[PDB]
Protein chains: 2
Amino acid sequence: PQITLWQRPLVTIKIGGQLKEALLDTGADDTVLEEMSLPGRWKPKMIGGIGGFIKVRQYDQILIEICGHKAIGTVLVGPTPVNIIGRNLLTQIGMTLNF
Amino acid sequence: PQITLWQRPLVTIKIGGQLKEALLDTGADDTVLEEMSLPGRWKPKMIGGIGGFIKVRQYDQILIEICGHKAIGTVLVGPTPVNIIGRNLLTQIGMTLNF
Ligand SMILES: COc1ccc(S(=O)(=O)N(CC(C)C)C[C@@H](O)[C@H](Cc2ccccc2)NC(=O)O[C@H]2CO[C@H]3OCC[C@H]32)cc1
């Protein structure tokens, strides 16, 4: 389907048994979610944007359900003001920008 | 046209008669550009990003071309890691997300 941009493109994702509201963000290289528990090993990382940098934990190979698809990707967990779905996951579900 | 997301959706924009590279950002409500000179008066605006809040200069009804499409709208100028084209202008050029 087609998703208009008059409003923030929000979607409900399923991850780690939890439901979260997230933003389909083409400007985000990676997916960044608010503090939560995830299985497996992680590496500390620093990501920057408007306002500066925030420290996050990088988890790889995480299963995420979004827009009916079941995708695998890296998830960065940290003090982000909003849950963001980055390009690393958007590509997996075949999402593109059209005009 | 269609733009995939395997790489950053960087496009050429034209503002003030000069070409610049900007990021098509669906996760951004507004368009924020790096320091530059724009005509007329500006109003103050506070925007919050991933690392916190920053002060930006708000210019209205500014002529700006994105991917060759002409738009006239609000442009914010301030300390941003990269030029970002937000939904306020993405909607003016008929940009949508599809999957
Ligand atoms: C490495 O992985 C990364 C993932 C995400 C980011 S990032 O979040 O700083 N970024 C990138 C953008 C600032 C270039 C995504 C932007 O679209 C970012 C996502 C976001 C962050 C906080 C709150 C709302 C929305 N949008 C953003 O900064 O938008 C600015 C400009 O318009 C306003 O909308 C609300 C916030 C304001 C950085 C790195």
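These numbers come from the heavy atoms of this one structure, side chains and all, not from hydrogens, waters or symmetry mates. Atoms within each ligand, like the ligands themselves, are counted from 1 in listed order. Chain naming here is simple, since letters A, B, ... match the order of the sequence lines and numbering starts at 1 in each.
By the 4.0 Å heavy-atom criterion, B/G86 is excluded from the residues contacting ligand 1. Heavy-atom separations between A/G51 and ligand 1 are all 4.0 Å or longer.
Between B/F99 and A/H69, the ring planes lie perpendicular to each other; the angle is over 60°, past the 30° to 60° tilted range.
Among protein heavy atoms, atom 1 (C) of ligand 1 sits closest to A/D30 OD2, 3.5 Å. Nearest non-hydrogen protein atom to atom 5 (C) of ligand 1 is A/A28 CB, 3.6 Å. Protein heavy atom closest to atom 15 (C) of ligand 1, with residue, atom name and distance, is A/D25 OD2, 3.1 Å. Among all non-hydrogen protein atoms, the one lying nearest atom 35 (C) of ligand 1 is B/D29 OD2, 3.6 Å. Of the protein's heavy atoms, B/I50 CD1, 4.1 Å lies nearest to atom 6 (C) of ligand 1. Shortest contact from atom 24 (C) of ligand 1 to any protein heavy atom: A/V82 CG1, 3.3 Å. Remark: minimum distance from atom 9 (O) of ligand 1 to any protein heavy atom is reached at A/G49 CA, 3.1 Å.
Set against the non-hydrogen atoms of A/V32, the atoms of ligand 1 under 4.0 Å away are 4 (C). Ligand 1 places these atoms under 4.0 Å from at least one heavy atom of A/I47: 1 (C).
Atom CG of A/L63 and atom CD of A/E65 lie 6.5 Å apart (nearest 0.5 Å). Interatomic distance, B/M36 CE to B/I15 CD1, rounded to the nearest 0.5 Å: 4.0 Å. The structure places CD1 of A/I64 at 8.5 Å from CD1 of A/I72, a figure rounded to the nearest 0.5 Å.
Here the shortest heavy-atom distance to atom 20 (C) of ligand 1, taken over A/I84, A/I54, B/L76, belongs to A/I84. The option with the heavy atom closest to atom 22 (C) of ligand 1, from among A/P81, B/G52, B/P81, is A/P81. Across B/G78, B/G48, B/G27, heavy-atom proximity to atom 26 (N) of ligand 1 is greatest for B/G27.
Looking at ligand 1, you won't find any N or O of A/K45 less than 3.5 Å from one of its N or O atoms. In terms of N/O distances under 3.5 Å, ligand 1 is not approached by A/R8.
Within a 6.0 Å sphere centred on NZ of A/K70, other residues, nucleotides and ligands contribute 12 heavy atoms or fewer.
With sequence neighbours left out, the side-chain hydrogen bond (donor to acceptor under 3.5 Å, both in side chains) criterion links B/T91 to no other residue.
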(request) Take A/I13 and A/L19 through the test side-chain contact (heavy atoms from CB on, under 4.5 Å) and record every step on the way to the result. (result) CA-CA 6 Å; A/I13 67 171; A/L19 288 178; over 6 Å; no
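For the residue pair A/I62 and A/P39, the shortest heavy atom distance occurs at CD1-O, 4.2 Å. Of all the heavy atoms in B/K43 and B/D60, the pair that sits closest is CD-OD2, 4.1 Å.
Grouped by direct or indirect side-chain proximity (heavy atoms under 4.5 Å, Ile/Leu/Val/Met/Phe/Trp/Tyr only), B/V32 sits with A/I50, B/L10, B/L23, B/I47, B/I54, B/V56, B/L76, B/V82, B/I84.
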